[PDB]
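As structure tokens, one chain now follows by itself in the form deposited in one PDB entry.
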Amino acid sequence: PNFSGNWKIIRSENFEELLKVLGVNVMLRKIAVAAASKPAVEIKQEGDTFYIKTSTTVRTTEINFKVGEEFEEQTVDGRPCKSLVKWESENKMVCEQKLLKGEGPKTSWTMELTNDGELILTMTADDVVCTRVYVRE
């Protein structure tokens, strides 16, 4: 029941397919797959508010919101979009996502906590889904 901590991914799937949906070229995806190379993350939990800063090596994103209201944040490719998050269980909340300008694809992701404290994160984009398991540090 706590996402606050560091996070080092251990497994993941639908990576290239999430970079082909986000982008369209070909090298544009392989650069994001090589950029990831098991990226790190750090979640700060302050109640219904969940902040999430991810860092690879040359990139570094970070979002922040509350479970109940919408907000502005960065997506996974590098575009601005207002995300939203509602709870699902005692430690599993879902998330919706739409750009803040223009329009094309659709983004939405989720994040669940394990009874031990682990943290897994799922992702969606139009009709795809990028899942990645994250274990505290």
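Numbers for residues come from their place in the sequence shown, where the first is 1.
Keep in mind that the form deposited with a small molecule bound is missing from the display, and what follows is about it.
Just one of 59, 82, 66, 92 comes within 4.5 Å of the small molecule in the deposited complex, counting any heavy atom, and that one is 59. Contact here is defined as any heavy atom lying within 4.5 Å of the small molecule in the deposited complex, and by that definition not a single one of 2, 117 and 135 is a contact residue.
A residue is said to contact a partner when one of its heavy atoms sits within 4.5 Å of a partner heavy atom; residue 129 fails this definition for the small molecule in the deposited complex, lying far away. The shortest heavy atom separation between residue 125 and the small molecule in the deposited complex exceeds 4.5 Å.
At a distance threshold of 4.5 angstroms between non-hydrogen atoms, residue 99 is out of contact with the small molecule in the deposited complex.
Among residues of the shown chain, residue 121 is one whose heavy atoms approach the small molecule to within 4.5 Å in the deposited complex.
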